[PDB]
Structure formats: structure tokens, C-alpha cells
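Asker: Please read through the structure below; I'll follow up with questions.
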Amino acid sequence: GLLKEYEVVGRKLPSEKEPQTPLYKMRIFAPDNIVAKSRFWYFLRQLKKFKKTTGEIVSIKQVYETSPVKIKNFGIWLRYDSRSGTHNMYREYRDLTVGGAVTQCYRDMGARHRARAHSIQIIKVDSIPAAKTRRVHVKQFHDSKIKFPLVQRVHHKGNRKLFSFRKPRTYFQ
Amino acid sequence: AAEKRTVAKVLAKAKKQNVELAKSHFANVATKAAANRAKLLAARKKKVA
Amino acid sequence: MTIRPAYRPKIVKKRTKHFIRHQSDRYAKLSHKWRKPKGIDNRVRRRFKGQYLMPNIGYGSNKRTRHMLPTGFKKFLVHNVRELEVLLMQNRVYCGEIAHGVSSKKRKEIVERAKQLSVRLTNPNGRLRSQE
Amino acid sequence: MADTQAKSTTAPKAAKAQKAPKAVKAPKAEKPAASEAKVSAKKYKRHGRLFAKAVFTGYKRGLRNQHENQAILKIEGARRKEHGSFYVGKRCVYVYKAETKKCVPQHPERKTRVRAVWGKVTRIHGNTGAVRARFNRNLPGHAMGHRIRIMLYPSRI
Amino acid sequence: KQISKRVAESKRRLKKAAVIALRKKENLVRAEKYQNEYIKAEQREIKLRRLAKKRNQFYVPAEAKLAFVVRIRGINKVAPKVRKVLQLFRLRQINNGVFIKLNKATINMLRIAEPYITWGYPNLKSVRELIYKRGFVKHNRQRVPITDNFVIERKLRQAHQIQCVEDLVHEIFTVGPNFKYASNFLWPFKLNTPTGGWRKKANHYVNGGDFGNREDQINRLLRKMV
Amino acid sequence: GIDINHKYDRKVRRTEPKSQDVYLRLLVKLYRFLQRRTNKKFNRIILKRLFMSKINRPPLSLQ
Amino acid sequence: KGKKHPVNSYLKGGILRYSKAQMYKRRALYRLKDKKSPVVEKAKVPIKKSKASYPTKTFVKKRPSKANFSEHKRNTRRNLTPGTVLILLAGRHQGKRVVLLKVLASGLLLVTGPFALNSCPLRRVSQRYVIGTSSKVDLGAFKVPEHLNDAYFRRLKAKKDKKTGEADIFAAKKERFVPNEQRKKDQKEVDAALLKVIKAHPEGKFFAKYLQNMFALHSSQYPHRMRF
Amino acid sequence: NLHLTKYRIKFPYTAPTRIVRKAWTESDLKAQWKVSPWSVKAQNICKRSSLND
RNA sequence: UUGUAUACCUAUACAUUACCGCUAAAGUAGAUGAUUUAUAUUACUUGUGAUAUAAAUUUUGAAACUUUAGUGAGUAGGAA
RNA sequence: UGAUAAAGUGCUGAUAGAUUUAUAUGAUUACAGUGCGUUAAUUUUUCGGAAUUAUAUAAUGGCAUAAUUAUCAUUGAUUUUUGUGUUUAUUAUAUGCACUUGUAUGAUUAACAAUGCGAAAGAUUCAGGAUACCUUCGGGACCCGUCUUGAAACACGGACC
């Protein structure tokens, strides 16, 4: 889907020998909240003990990008499983939302490295400014004043007329 | 209550036309806008008990 | 016409065609009349597509209009004149059909007596001899 | 703006007036000062006062079984969903020719020398304005490619 | 004797519609108590969550009773321990839905029977629409639609205290002490097929979609099936 | 597809004697009326035992 | 008096009575006169009206009778209001653009050509054979005389000869085709009221005279984004 | 889904909506656009569009 | 090709309905003035009941009719 | 701003279907609606009009406590059985008699209208019909019996009656 972010919090439900277990939290990227509560458990089983059934899910809440029309570069610290292959990457994308950059990373890994998405762990996701990005296909856009003439449109198929009388003509003037 | 939300809308829209008050597009409007005089009795004449 | 049944129903036939024995077209020793195929490989019996259909009992006729002729009535064979008088009280529900071996001499009483009793016959004007 | 759901498609019922939401244009504006709106859903072809063009393209089937009760009909100008649903409900006919009657000039003066098989459009078929029809008899199949006519009645607007 | 038969069967007729008019009056004052329970319950949880934010805590809401469990796959190629859970849940056909209590003894049956099943946590609206539109009932082993309150009352009012439909909606939604009878009274809900259909049917919901716990998205799927 | 209807789906009781004795089937006519209209299990035992065979109705002594 | 009032007929499951309507009875006039009407009798002056028993000692028969009779009500029409220029889609005047006059109490539509323009009389069209166009002539004070209703031109009769009897009489039938002179009189009254209000506007291809040119559907057209 | 015109108003690359709104008015773009050579052509197809009987 | 998006098409599957069967359950058997139903006189409650006079339906191959539910793959084979 | 949820929310336009021999052996059952109905105020368009308020009893909420029961956390909050008034809201019962083309017709499908007369002997109108075919077209479609794990088999048998 489109992969919005959440904060899933978990406990280890306190048998009376232990009062008030220490409450870890996350930043999970997921299509929906039913799948964010098995990405919490997948990532925490690497880190602390307490699986489910022996833990609780305290509040999972969605976080709503704090500037949806400001324009910023997102660096994603990733690690994935290739065919021979656990690696780390640091990818950079350019977007407005932070769930929209993570989802622009889950396609790119599928395109470029064949990476079906169960292999990708996300470490960190930031909003790095500029003159901290490196990633030359993102530094293309870090200059006012940028021009680029367009060549891009739609060319309906068949059309509102399949057998046209007047030739689309990719160019004019 | 849905029939009462209608009357508050067609009244508050028509403050730029405010024609009638008779029967055509304001029977289902201005009759019940003046049947709040029929609940002026209920506060006034019912405090005799 | 004559005495049409008792506010007649509209007959719905599940299929009008009949059932043809498998491979009965290939041989002139096979009648078309349905035999169930028993053979171990038979693609009719194993109900493959495109083949000739088998008669199951989902094809059975409505129980209201089972054995009803197109004219509304069930059928009653008549063999002589006294057997026609059984239909004095059944003429809203039954036809009458004269048995093929009732002669022309005696079929004339039966078509006579079945206008009085108002029995609708299925084969009137058969084995006449429409002369004197 | 879904809090402004009452005021997107809003022009004519407040121009009638039926409870009057908001009678503002959204016109695909030829009036130019606030020119807006979506040159929305066109695909023109003709034929048609009665006798709007369809062709019986074939039965309503899967790739290996046929279901020859519904029938797909391609209509002349329609090639989106909005276009092929205008005809939904309406009455269709396959009219063709025979020679011989078993009838008289009881009515107009005929050898019954033109046949017809009527039907309804029941629904649409793809995303490109094809349609699904249900004739009284069944459409013989050598009718494929031939003209079916979309009568403009049972008439909605 | 027939001279006493109009004497007897005219008070047995007068008393009969005095009962039915009595129980018409209960079922309005009964179902008004139930409908006010649900409104207070919802405004409680809103009040509690908004308190625990201001008290700088968390409010973990209650883990759920009431699964609604649908059978989504197959009667062919099924294993005997998962064939047996689906006969104890009364799930013997595709798109069969039943109502299930969520104790630990049945979750470990919902985990055995997982790839053939989806489940989740119904709304009140989904409890009503399944019993209004789809709710049939079991009358001496036969399946009897609803069509009135006498089909529910004639079998669950001497023993249990269920006479209305909203009774049967009460002790299924708020899982009451006669839930065992309120849900075995029903037949399994012979649901339609979704509109728009399915997602994969042989991956988990959390993989890419279908079987197992959808958990709140059982509601959206019952709109398609009811 | 649904499950699964072997047996003894069709119950293998008797519902009639296998017996063309007319005096015996006149007692079945009484006792279907008597069982249905007086719902005593006495009259249902007499009816169900009136259907039975020569085995299952053994003799009984005068002693 | 009043205040009984079934006001369901739109909403209608919240049907607006029974929160109010039972709240006017202070035991008002609990009365009856109400004859156990003794007209039905074996009553003779001498007449002996008993009645008789004809064959109901009967025919041997479920003599033909069908089930019973649920009846016609609510008529709902599209928002086509007179005088719109309709287009007659069908039925013997197909293609002609007629003018609406009124609707029936059976949901039909009263249309004139007017007869001087279209040669289409005062006849009645079902609105399932009509495209109601966007061209409406204003008729701010037109009468539509109130003897123009369902039982007016309505069929009768073919006596087949003189109602003589069951004789087989030979050819040269001239059975029906009048129209009456009060039939012809009426579209001199409504057309002279129409051919003044049609002409009352700045003309176009219908709007003051030319309403005579029979809709057809040419090349590069539609039915399906033609705003008729 | 964009088709480019010949007009280029001037604001900073990181401007908020009020600076953009201020610059449409100073350019006199509404009065220029509706008399532009083929915004005229837009409204004739809009006039030709769907065209009452 | 990889990762996704909506919108469609497609089974003998699923839902509803009509019909066949099978299964399982249930009803019905005062005919003599038996049961009703519509009127027409009186005891009386206001109203109902009873007597009387005004038309029919019902001798359900009790192995028959009537009611309701579910259900349907089949070689070897068994059984009606 | 959006997303999720709920309210016969409401409206619109469609499609397909409609058991039903109401006794060839059990009420057309009850519900509900419409027609004459003591009043008196208060309004309303002003038309046969229309609305409201005024009657008892029984509840139920909202509110104000006083109890009580019992629990996340307890500065408090939630909760069970109550009580009484403060109160302000909402439902229910109190519609009898006669009549009528208003629901379940106790698997409802029922109406208006067009066409067409079942002629004394014999036409015609409408609908239907793989009767044994022929014509035309699209989909399906291997040859049966057999032994076999598996047959259309380049396994065996079978030219036809």
C-alpha cells in the first residue's frame, strides 16, 4: 500500500514478582495497524526477550507528518537480505511525508535489488537538510534555480478516438 | 431532528433572498419557524401546576 | 374449448429433448433409448464436458403438472362405452383417449357419449370412415 | 472538503429548488472569469434516435465455456464505464430478414418479411463501455458482427 | 362440549393478545436499557483514554471477547486436527460464520484452524446486521428464519431470559452468562461472498491478506457479506 | 460443499409392520390414532411393538 | 375535528404518529347507534328473497378463479413540468417535438403538437417514451380545462353490427374512426392559447414557430453526452 | 497531468501561499489569461460542449 | 522483469429464489341432524351464548393427504 | 484539513425472480391505518384547513445528593443493588361502535391499457416446439468394451446387420 508510521509500545505483562516492566517503543512503518503489531514483535524479538503471548501491546498510535507541504530529503538507514547476502545501505529520497519516502524506498529496493519486502529492516529515517546529503540523484534538485524543459504526457489508449483524424504530435512550435 | 436541521439551513441560506413566509418553498420552513410560539405556551402556561 | 381444466396451470418443462444412448449414432444396432454406460473409462459416465447428458432426477417434472397433456388434462384410456362413464365426474381433470384397437363401429358411440358427458377426447375423428 | 461534500456536486438542485444547498457553477466554464472543471467524460458516436448502434460481438463467456443467455454488445461511441451505463435498462432489438410468413397482412401489409428479437440491457461489462443484454429468444451467433439497436426508451432523462 | 368451546377459546384468545401486547411493551423498555448500555460504554472509553493522556499514563483498552469467525476455504485437502476444529466451531462450508468467545481454550483452536478461517472483533452494527438480515435459528434440529420475536422467545424464555432480538444481540455482543445458548441457538451464518472479493485466501492477513485475525477489519468484510 | 452424511442419517427402524395381516394393521390404525392423540408412551410401546417380527416378540409363559 | 394524520408517506419508518396522536381522548362521546342491519333476510312481502341455491350443489369443479386483487397507487414522475418541449421517442408520432400541458392522475402526460405545427393532437404519452428536453415555454396563466382527463378520448366501441345478434353479416365495415367534434373543438381552444404563447418569444428553430422539424440523430453524435 | 503556459510570475522558491497570491495580482494574470490566444479556444470547446437540442 | 495501485473478467464454489428427489421431523381422521361460516329469534352484560330458519367443503388408493427443514460426486460393491 | 466509525441517514437510478388448486379434509387470522366523535385556550395559511398547550398512571434518561457494593489508580476515577426529592427531557398504556378498492395475503404479485373474436363444416392472432432432418453460426468435443497405478493409445477385441 502506502505505509504510514506508528509508535508501537510494549511491556512484558508483569507477573507479581516484577512490578512495572520498562516499556520499550518503536517507529514502525506498515500499511495498517494490524501489521504494525507483528512488526513490533518481529523487531523486538531481536532486542528483548518477551514474545507474544508473554507481552502486551500498549498504545499503537499513528504519526501524521509534522509538515506535509515542506519539502525535504529523507535518508533511510536500511539493512536487507540479498541472495548471498545481509548488507547495509543508506538510501536518500526526496519527498514531503516520511511515510511517503519509506514507501519510495520499498519500491526502489524491489526494482534495483529484487528485494521482496520481508528482507528489509529499516534502522533509521531522518530529514537531513542539504550539504549533508550525498546521493547525487538527490543533489540534482538542491539548486535554485532549476529549469528542465518537459517532455511528458498521457496519450490515451485507445482514446476518446481510437482511429484518430488528427495525429497527436509530441512537440508543438 | 433531520427535518429540523433542514429548516435551520433553508432559513440561514435565504437571508440573501428572504421572500416569504407563505406556502411554496417556505411552508416546510416558515411554518415551523413560527411554531416556536406554540412552545411559548409550554414554558408560560404550564407553570400553574 | 370443451371443458378445459379447473383454472389450468402454466406447464414448465425441464428439458424438451429426450435422452440419447451413447454411441447410438455410430451404430445402427444401438437404439437411442437411454442405457447407463458402465464402462470403466466411459467419458459420458464420468460426465465429461461436451458429451451427451445423463438423466438424473433433477430433470423431474413439477408434481402439479406431471403427466399433464399440453391441453391441461391427464390422460385416461377408454376401451368401451362404460369405461367412458367413469369420466362423468373427472372431466375437469381428465381427457379420454380411445384405445387403438377399438373398432370404428364402436368408436362412434364413444365420441357420441363424450359430448353428453362433456369428456374431451384426445383422439376424436380417428378410424373414421367419415361416411355412411 | 469531504466536509464540503454537500458543495461539490451542488449546482442544479439548488437551481430548482429542492432544499437549496449551493447553486454555483462548476461548469467546464465557457464563462471565462473563473474557468475551472474537468472536461469530463466524452466519447461521441452517433447513429441513434431509435436504432443507436450496437454490434453483437459475442456471448458472455469465459475462455472455454460460453453462457449464451447474456450477450456482449459494443455500442458505437461508448468506451468508458460512464458511457456504457446510459444504455442500462433500455430496450434492444436484433432486427433482420426472412422470407416466409405463416401470417397475413392482418396489421401492416406483410409476408412477415422482417423479424425482430427484443431484449433489455441489463448492466455493463468492462471498463470501456461494453454492455450486457438479455434477449427473449437467444441470438443465433451468425448475428455476431451484425447490428443491434439500442432504443432510447424505457426512457430516463 | 362445543357449548363450552367458545367459552374457553375466547379467553384463551383474550389472554393470548394480552401476553403479546405485554411483551411488546417489555421489548421496548428492555431494548432501551440495552441501547443505553452501549452508549455509556463507548463514552466511557473515550473518557478513560482522555483521562490517561492528561494523567500522563497509558490506557490499555480491554482485550477482546467475541470473535466472529468465517470459514473461507475448501472442504478438500484438509488435515484431521484442523478438520476437527472446524466441526467443533460449526464451520463446515465456505462463508460460514459463527460467533465465538475468546478464552484461551478457543484461541489455541483458532491457531490450529488458522489458514482456513478468518476472524476479528465485531461492532455492534455487525452484530445486528448479521442477526437481522442473516440470522436463522434452530428449532428442534430444523432451521427456522426469524420473522418475529416468537421464534426466539419460545425457546429461550423459560430457561434463559431471551425473548426479543435485541436480547439475543445483547448476550452475544456484551458476552453474557447465557452466551453458550445465545450462539448455539443460531444456525451458522450462511454468508454471501464479498463484493470485490478477496485478497489472497492463502496468505495471512498480515502478510498480504486473508486468513487469521483481521481484528477490526472483520467489520468491513461483513458489509460485503451482509 | 458441506459435511458429511453417511449414516445412520437414514434411521433403520420400522415404520409399518412387514405384515399383510389385515387384523394386525387395523390395530396399527387404532394405535397411531391412540399414540398421536393420547401421547402416552404406553401407546407408543404398543404401536412400535406391533410392528415387530416373530423374533423381538417372543412368547411368554402362563407361569 | 382533526389531528389524526398519517404523515408517513415519505420518510417512512419514523412515521410520525404514535408519539403524539393518542393524546386527545378525554373519553369523547363513547356512543353507538350502529344497526345490526336487518336487510339481509329471507324477507317476503310476498317476494321470498331468500335467496336460492342455484348450482352450488355444484359443477364438478374448481371452476376458474384466480387469487385476489392488490391495487394501484403511488404515481411518481421525473421532474418534467409543463410546458417543456418533449421529444416523442416512440409511437406513431416518433421524432416530433411536442409540448407538455399537464400530467394525469395516472402518471401520463398531456401533450399537444400544437396541431397547427406538428400535426400532433391532444393525446397522451407515457413518460417512458419521452425525452424531456431543456426547452420550456412559459405558460404563466394557461387553463388546461378540467374535463381533460383519463376517461375522455378513451376507447369505445365496436358493435360489429348494430348489436343485432348472432347472424353472420357480410363485408364493408366502417367501425370507429371519428374523431368527435368536441374532440376537434378542444384543440382550437388550447392551440389558440398555445400558438399565442409559442409565438410570444424571440423565435428560433422551434421556439416561436419552427417546432415542426422532427428530431433525428445524425453523424458524430450520442445518446450519451447529448444534453437533449 | 500538467500542461505548461507561457507565464512566469516571480516569487521565492520557498514561499508560502500568501506570497504566491500576492504575485498573481501584480502580474495581472487573470485579465491576461482569459484573453490569451487559446484560452479563447478553451471556451469554444466549452461552448460546443454538450449543446442543448 | 521486480515492487505496488485501482477498475474489471472468470467456475459445477458461495448467497437468494423456482422445481425434482432423498433424509429427518410434525400434523389430520365424532359425517347421526360431525365440524365450521355468513345471516335471521331470545336468555340478557354493554356483549356473548343457546334454540330455530337461510349455501356450500369434507367417505384424504389410513400404502392417503397436509406442514416444515436440510441435503445431492462415485468405480468395486450392497440395497430399495 | 484527511482517515476510521455509527445513525431506514436519507435519496436516486437500475437487474433477475413472485410457491401460491384461501379446506379435491380446518377460521382470511390478529395487527395497524382511514371515515361522525364533549371541549377550552394558543397560533397559523386563511380552503373542505393545519399545528400546539391543557388529563391520569407507569417508566426511562439528564441533573443534585444521600447510601450501598466493588475495583484500573487513588488529588480521584470507574462500578452493583438503592433511596428520595431536586428536577429538567423522552417513551408506553388509558382509541369503543359501524364501515372501507390501506400488512402478514399468514414462500403475497397483483393492477391499468393495447393486440387478437376459440367461424355451423373449415380461417386468423399470439406464444411455443433438435418431431426425424435439412440451412446457418459460436462454444464444447479423441473410441468404445477391457485388464491396469495409469488407455485416445504405437495394449487386446470390435467391418456391418
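Going through the C-alpha cells in order, the chains are called A, B, and so on, while each chain numbers its residues from 1 and the ligands are numbered from 1 in the order shown.
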Go through chain C residue by residue and, counting only C-alpha atoms (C1' of nucleotides), keep those with an atom at most 8 Å from chain I; for each kept residue give the shortest atom pair and its distance in Å to one decimal, ordered by chain and increasing number, as CSV.
Answerer:
residue,atom,partner,partner_atom,distance
C:40,CA,I:75,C1',7.2
C:57,CA,I:20,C1',5.9
C:58,CA,I:20,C1',4.7
C:59,CA,I:20,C1',6.4
C:60,CA,I:20,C1',4.8
C:61,CA,I:20,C1',6.6
C:62,CA,I:19,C1',6.0
Asker: Going by DSSP on the backbone, which bits of segment 3-205 of chain E are strand (DSSP E)? Write them as a PyMOL selection string, please.
Answerer: chain E and resi 67-71+96-100+117-120+137-139+142-144+189-190
Asker: Skip residue 152 of chain G itself and residues of its chain fewer than 6 positions away, then list as a list in words all residues within 12 Å of it, counting only C-alpha atoms (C1' of nucleotides).
Answerer: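 With the cut-off at 12 Å, the set is residues 104, 110, 122, 123, 124, 146, 179, 180, 182, 183 and 186 of chain G.
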Asker: Counting only C-alpha atoms, which residues of chain H fall within 6 Å of chain D, and what is the closest atom pair for each with its distance in Å at one decimal, ordered by chain and rising number, as CSV?
Answerer:
residue,atom,partner,partner_atom,distance
H:43,CA,D:30,CA,4.2
H:46,CA,D:30,CA,5.0
H:47,CA,D:30,CA,5.6
Asker: When you look at residue 171 of chain E with a cut-off of 10 Å (counting only C-alpha atoms (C1' of nucleotides)), what residues show up, excluding the ones that are within fewer than 2 positions of it in the same chain? I need them as a list in words.
Answerer: residues 161, 162, 166, 167, 168, 169, 173, 174, 175, 176, 177, 178, 179, 180, 181, 182 and 183 of chain E
Asker: Okay, now the selection with N, CA, C and O atoms, as a PDB file, in the first residue's frame?
Answerer:
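Done, and the output landed in result30.pdb:
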ATOM      1  N   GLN E 161     -33.248 -15.852  29.567  1.00  0.00           N
ATOM      2  CA  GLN E 161     -34.164 -14.724  29.681  1.00  0.00           C
ATOM      3  C   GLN E 161     -34.172 -13.904  28.410  1.00  0.00           C
ATOM      4  O   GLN E 161     -34.058 -12.679  28.440  1.00  0.00           O
ATOM      5  N   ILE E 162     -34.325 -14.589  27.289  1.00  0.00           N
ATOM      6  CA  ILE E 162     -34.162 -14.014  25.967  1.00  0.00           C
ATOM      7  C   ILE E 162     -35.482 -14.154  25.234  1.00  0.00           C
ATOM      8  O   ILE E 162     -35.941 -15.271  24.976  1.00  0.00           O
ATOM      9  N   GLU E 166     -33.145  -8.077  20.277  1.00  0.00           N
ATOM     10  CA  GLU E 166     -32.130  -7.292  20.962  1.00  0.00           C
ATOM     11  C   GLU E 166     -31.652  -7.942  22.245  1.00  0.00           C
ATOM     12  O   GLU E 166     -30.570  -7.603  22.718  1.00  0.00           O
ATOM     13  N   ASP E 167     -32.441  -8.843  22.820  1.00  0.00           N
ATOM     14  CA  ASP E 167     -31.941  -9.773  23.822  1.00  0.00           C
ATOM     15  C   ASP E 167     -30.792 -10.599  23.280  1.00  0.00           C
ATOM     16  O   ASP E 167     -29.703 -10.631  23.858  1.00  0.00           O
ATOM     17  N   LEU E 168     -31.031 -11.285  22.167  1.00  0.00           N
ATOM     18  CA  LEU E 168     -30.045 -12.129  21.508  1.00  0.00           C
ATOM     19  C   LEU E 168     -28.858 -11.333  20.979  1.00  0.00           C
ATOM     20  O   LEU E 168     -27.766 -11.881  20.832  1.00  0.00           O
ATOM     21  N   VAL E 169     -29.067 -10.067  20.632  1.00  0.00           N
ATOM     22  CA  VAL E 169     -27.979  -9.153  20.320  1.00  0.00           C
ATOM     23  C   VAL E 169     -27.284  -8.697  21.601  1.00  0.00           C
ATOM     24  O   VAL E 169     -26.105  -8.345  21.580  1.00  0.00           O
ATOM     25  N   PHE E 173     -23.236  -9.679  22.057  1.00  0.00           N
ATOM     26  CA  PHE E 173     -22.293  -8.579  21.925  1.00  0.00           C
ATOM     27  C   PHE E 173     -21.548  -8.319  23.222  1.00  0.00           C
ATOM     28  O   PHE E 173     -20.322  -8.445  23.287  1.00  0.00           O
ATOM     29  N   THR E 174     -22.261  -7.905  24.251  1.00  0.00           N
ATOM     30  CA  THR E 174     -21.737  -7.945  25.604  1.00  0.00           C
ATOM     31  C   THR E 174     -21.860  -9.381  26.044  1.00  0.00           C
ATOM     32  O   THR E 174     -22.973  -9.853  26.262  1.00  0.00           O
ATOM     33  N   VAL E 175     -20.737 -10.077  26.166  1.00  0.00           N
ATOM     34  CA  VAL E 175     -20.759 -11.525  26.296  1.00  0.00           C
ATOM     35  C   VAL E 175     -21.325 -11.896  27.653  1.00  0.00           C
ATOM     36  O   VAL E 175     -20.653 -11.774  28.679  1.00  0.00           O
ATOM     37  N   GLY E 176     -22.571 -12.326  27.661  1.00  0.00           N
ATOM     38  CA  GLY E 176     -23.294 -12.543  28.882  1.00  0.00           C
ATOM     39  C   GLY E 176     -23.254 -13.980  29.333  1.00  0.00           C
ATOM     40  O   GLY E 176     -22.635 -14.841  28.704  1.00  0.00           O
ATOM     41  N   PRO E 177     -23.926 -14.269  30.443  1.00  0.00           N
ATOM     42  CA  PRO E 177     -23.807 -15.599  31.042  1.00  0.00           C
ATOM     43  C   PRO E 177     -24.528 -16.680  30.289  1.00  0.00           C
ATOM     44  O   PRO E 177     -24.288 -17.853  30.561  1.00  0.00           O
ATOM     45  N   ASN E 178     -25.411 -16.342  29.366  1.00  0.00           N
ATOM     46  CA  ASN E 178     -26.050 -17.329  28.514  1.00  0.00           C
ATOM     47  C   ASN E 178     -25.554 -17.213  27.086  1.00  0.00           C
ATOM     48  O   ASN E 178     -26.310 -17.462  26.153  1.00  0.00           O
ATOM     49  N   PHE E 179     -24.299 -16.786  26.912  1.00  0.00           N
ATOM     50  CA  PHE E 179     -23.694 -16.735  25.588  1.00  0.00           C
ATOM     51  C   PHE E 179     -23.632 -18.104  24.957  1.00  0.00           C
ATOM     52  O   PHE E 179     -23.719 -18.206  23.737  1.00  0.00           O
ATOM     53  N   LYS E 180     -23.450 -19.148  25.759  1.00  0.00           N
ATOM     54  CA  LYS E 180     -23.396 -20.500  25.225  1.00  0.00           C
ATOM     55  C   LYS E 180     -24.686 -20.863  24.513  1.00  0.00           C
ATOM     56  O   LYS E 180     -24.666 -21.541  23.484  1.00  0.00           O
ATOM     57  N   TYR E 181     -25.801 -20.358  25.004  1.00  0.00           N
ATOM     58  CA  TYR E 181     -27.090 -20.640  24.412  1.00  0.00           C
ATOM     59  C   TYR E 181     -27.470 -19.623  23.369  1.00  0.00           C
ATOM     60  O   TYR E 181     -28.160 -19.959  22.415  1.00  0.00           O
ATOM     61  N   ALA E 182     -27.020 -18.396  23.525  1.00  0.00           N
ATOM     62  CA  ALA E 182     -27.367 -17.359  22.585  1.00  0.00           C
ATOM     63  C   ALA E 182     -26.702 -17.560  21.241  1.00  0.00           C
ATOM     64  O   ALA E 182     -27.203 -17.036  20.250  1.00  0.00           O
ATOM     65  N   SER E 183     -25.599 -18.307  21.171  1.00  0.00           N
ATOM     66  CA  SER E 183     -24.906 -18.521  19.916  1.00  0.00           C
ATOM     67  C   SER E 183     -25.023 -19.930  19.377  1.00  0.00           C
ATOM     68  O   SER E 183     -24.772 -20.128  18.191  1.00  0.00           O
TER      69      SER E 183
END
Asker: Write out as CSV a residue-level contact list of chain D versus chain B with cut-off 12 Å: for each qualifying residue the closest pair of atoms and the distance in Å to one decimal, counting only C-alpha atoms, rows sorted by chain and residue number upward.
Answerer:
residue,atom,partner,partner_atom,distance
D:14,CA,B:10,CA,10.6
D:16,CA,B:25,CA,10.7
D:17,CA,B:25,CA,8.0
D:18,CA,B:25,CA,8.5
D:19,CA,B:10,CA,6.6
D:20,CA,B:10,CA,6.9
D:21,CA,B:10,CA,8.2
D:22,CA,B:13,CA,8.8
D:23,CA,B:13,CA,11.1
Asker: Taking 2 positions as the minimum chain separation for residues in the same chain, which residues sit within 12 Å of segment 95-107 of chain A when counting only C-alpha atoms (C1' of nucleotides)? Answer as number ranges by chain.
Answerer: A: 1-6, 27-31, 62-80, 89-93, 109-128, 138, 141; I: 2-4
Asker: Give one line per residue of chain J that approaches chain D to at most 9 Å, naming the two atoms of the closest pair and their distance in Å to one decimal, counting only C-alpha atoms (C1' of nucleotides); sort by chain then ascending residue number and deliver it as a Markdown table.
Answerer:
| residue | atom | partner | partner_atom | distance |
| --- | --- | --- | --- | --- |
| J:1 | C1' | D:1 | CA | 7.8 |
| J:2 | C1' | D:2 | CA | 8.7 |
| J:13 | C1' | D:156 | CA | 8.6 |
| J:14 | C1' | D:89 | CA | 6.3 |
| J:15 | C1' | D:122 | CA | 5.9 |
| J:124 | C1' | D:103 | CA | 8.3 |
| J:125 | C1' | D:106 | CA | 8.4 |
| J:136 | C1' | D:142 | CA | 6.9 |
| J:137 | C1' | D:142 | CA | 4.2 |
| J:138 | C1' | D:141 | CA | 5.3 |
| J:139 | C1' | D:66 | CA | 5.7 |
| J:140 | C1' | D:65 | CA | 7.3 |
Asker: Based on the backbone DSSP call, show me all residues of segment 47-128 of chain G assigned helix (DSSP H, G or I), as a VMD selection string.
Answerer: chain G and resid 115 to 118 127 to 128
Asker: Residues of chain A near chain E: apply a cut-off of 12 Å, count only C-alpha atoms, and supply the list as a list in words.
Answerer: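 Matching residues, ligands excluded from the count: residues 1, 9, 10, 11, 13, 23, 30, 31, 32, 33, 34, 35, 36, 37, 38, 39, 53, 56, 57, 58, 59, 60, 61, 117 and 118 of chain A.
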Asker: Could those residues be written to a file, using C-alpha atoms, as a PDB file, in the first residue's frame?
Answerer:
ATOM      1  CA  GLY A   1       0.000   0.000   0.000  1.00  0.00           C
ATOM      2  CA  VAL A   9       4.730   0.406  22.716  1.00  0.00           C
ATOM      3  CA  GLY A  10       5.150  -2.912  24.522  1.00  0.00           C
ATOM      4  CA  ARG A  11       5.629  -4.120  28.038  1.00  0.00           C
ATOM      5  CA  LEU A  13       2.924  -8.109  31.308  1.00  0.00           C
ATOM      6  CA  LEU A  23       8.143  -0.066  28.359  1.00  0.00           C
ATOM      7  CA  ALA A  30       3.386  -0.524   7.938  1.00  0.00           C
ATOM      8  CA  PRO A  31       0.313  -0.489   5.699  1.00  0.00           C
ATOM      9  CA  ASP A  32      -2.133  -0.797   8.594  1.00  0.00           C
ATOM     10  CA  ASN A  33      -2.092  -1.224  12.357  1.00  0.00           C
ATOM     11  CA  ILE A  34      -2.757  -4.977  12.347  1.00  0.00           C
ATOM     12  CA  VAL A  35       0.566  -5.441  10.554  1.00  0.00           C
ATOM     13  CA  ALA A  36       2.297  -2.904  12.781  1.00  0.00           C
ATOM     14  CA  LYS A  37       1.633  -5.254  15.698  1.00  0.00           C
ATOM     15  CA  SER A  38       3.582  -8.049  14.160  1.00  0.00           C
ATOM     16  CA  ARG A  39       6.408  -5.759  13.070  1.00  0.00           C
ATOM     17  CA  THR A  53       1.947 -14.390  24.213  1.00  0.00           C
ATOM     18  CA  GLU A  56       1.383  -6.691  25.903  1.00  0.00           C
ATOM     19  CA  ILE A  57       0.825  -4.072  23.273  1.00  0.00           C
ATOM     20  CA  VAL A  58       0.379  -0.736  24.987  1.00  0.00           C
ATOM     21  CA  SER A  59      -0.694   2.204  22.744  1.00  0.00           C
ATOM     22  CA  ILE A  60      -0.172   1.980  18.970  1.00  0.00           C
ATOM     23  CA  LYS A  61      -0.855   5.430  17.523  1.00  0.00           C
ATOM     24  CA  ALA A 117       9.959  -6.643   1.212  1.00  0.00           C
ATOM     25  CA  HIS A 118      10.207  -9.232   4.001  1.00  0.00           C
TER      26      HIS A 118
END
Asker: Which residues come within 9 Å of residue 3 of chain F, counting only C-alpha atoms (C1' of nucleotides), excluding same-chain residues fewer than 5 positions away, as a ChimeraX atom specification?
Answerer: /E:75,87,92-93
Asker: Let me see the file: selected residues, N, CA and C atoms, as a PDB file, in the first residue's frame.
Answerer:
ATOM      1  N   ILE E  75     -13.334 -27.755   1.278  1.00  0.00           N
ATOM      2  CA  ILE E  75     -13.521 -28.932   2.099  1.00  0.00           C
ATOM      3  C   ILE E  75     -12.618 -30.057   1.646  1.00  0.00           C
ATOM      4  N   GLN E  87     -15.341 -28.614  12.811  1.00  0.00           N
ATOM      5  CA  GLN E  87     -16.645 -29.170  13.100  1.00  0.00           C
ATOM      6  C   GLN E  87     -17.103 -28.857  14.505  1.00  0.00           C
ATOM      7  N   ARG E  92     -18.585 -25.702   8.363  1.00  0.00           N
ATOM      8  CA  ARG E  92     -18.491 -26.878   7.534  1.00  0.00           C
ATOM      9  C   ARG E  92     -18.622 -26.559   6.060  1.00  0.00           C
ATOM     10  N   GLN E  93     -18.567 -25.283   5.693  1.00  0.00           N
ATOM     11  CA  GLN E  93     -18.843 -24.789   4.356  1.00  0.00           C
ATOM     12  C   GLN E  93     -18.158 -23.457   4.223  1.00  0.00           C
TER      13      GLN E  93
END
Asker: What's around residue 95 of chain E at 9 Å? Count only C-alpha atoms (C1' of nucleotides), leave out sequence neighbours fewer than 6 positions away in its own chain, and write the answer as number ranges by chain.
Answerer: E: 70-73, 189-193, 225; I: 14
